[PDB]
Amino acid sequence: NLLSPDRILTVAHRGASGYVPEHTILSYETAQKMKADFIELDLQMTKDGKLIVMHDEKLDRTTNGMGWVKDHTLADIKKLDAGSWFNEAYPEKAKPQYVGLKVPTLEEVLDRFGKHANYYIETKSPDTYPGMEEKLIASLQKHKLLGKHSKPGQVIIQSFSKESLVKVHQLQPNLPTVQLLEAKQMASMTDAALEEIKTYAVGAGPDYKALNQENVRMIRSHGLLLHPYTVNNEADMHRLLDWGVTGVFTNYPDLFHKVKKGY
């Protein structure tokens, strides 16, 4: 069971993004081959209302385009190069085949992997994107990833926005959510706050730098899954697993897969 506290989950942060440009089909394919349990998506929305996968609200960092995603049509965004930026930023990891990779839609990612992947999907800035949760759920429903014979945990919805997750939970009670937390939030965490999270979410996803043995124990004592982000070096993977987290977001899913076998 994907949602079992006894199972350690490898969540490939924006795919195998330590090796391949984030949020490209190729990044997700690479994560799959590296035995990731989940491929992780960040959602934005185009001017014509299409959900696409991109971390930033703006095109500037990971494409040769400029401006807010929501000011551009999907057709115009599909003209962009979403791979070359990676070759430039990380020359030592550059590959010729990264040139010309495209921004995928949510629909394209679900179409690519179907039920062969598990999806960890974040609603970014959902208050700025009317209808984001409904469109997301509609896409999941039509790709047969929802329903009550669906595999529990095949999709997890995550967000920094509590509002977004409460909305998802109200619309789809059996769709597991995970509340994301910044270091500043996690540092002042209370039992009351965790009990509140537990009413709509099955787990918490904090900045791992805010974690210690005591508050890992605290989170787990509430029966919450615990998936800290973003864990990229092996020593920290060991430390967190030793403390008792139940998975991580990582840019190096192959490395975490190896580490977790010892726990």
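Note that residue numbering follows the sequence shown and begins at 1.
The stretch with the higher mean CA B factor, choosing between 130-138 and 89-97, is 89-97. Between 176-184 and 148-156, it is 148-156 that carries the larger average Cα temperature factor according to the deposited entry. When the C-alpha B-factors of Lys58, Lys50, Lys198, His227 are ranked from the entry, the top spot goes to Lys198. Annotation for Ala82, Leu165, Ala75, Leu110: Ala75 ranks highest, by Cα B-factor. When the CA B factors of the chain's modelled residues are split into thirds, the value for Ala193 lands in the highest one.
Ranked against the other modelled residues of its chain, the C-alpha B-factor of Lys115 as given in the entry falls in the highest third. Among the modelled residues of the chain, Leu43 sits in the lowest third by CA temperature factor in this PDB entry. Annotation for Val103: CA B-factor lies in the middle third of the chain's modelled residues.
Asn64: CA B factor in the highest third of modelled residues in this chain (values from the PDB entry).
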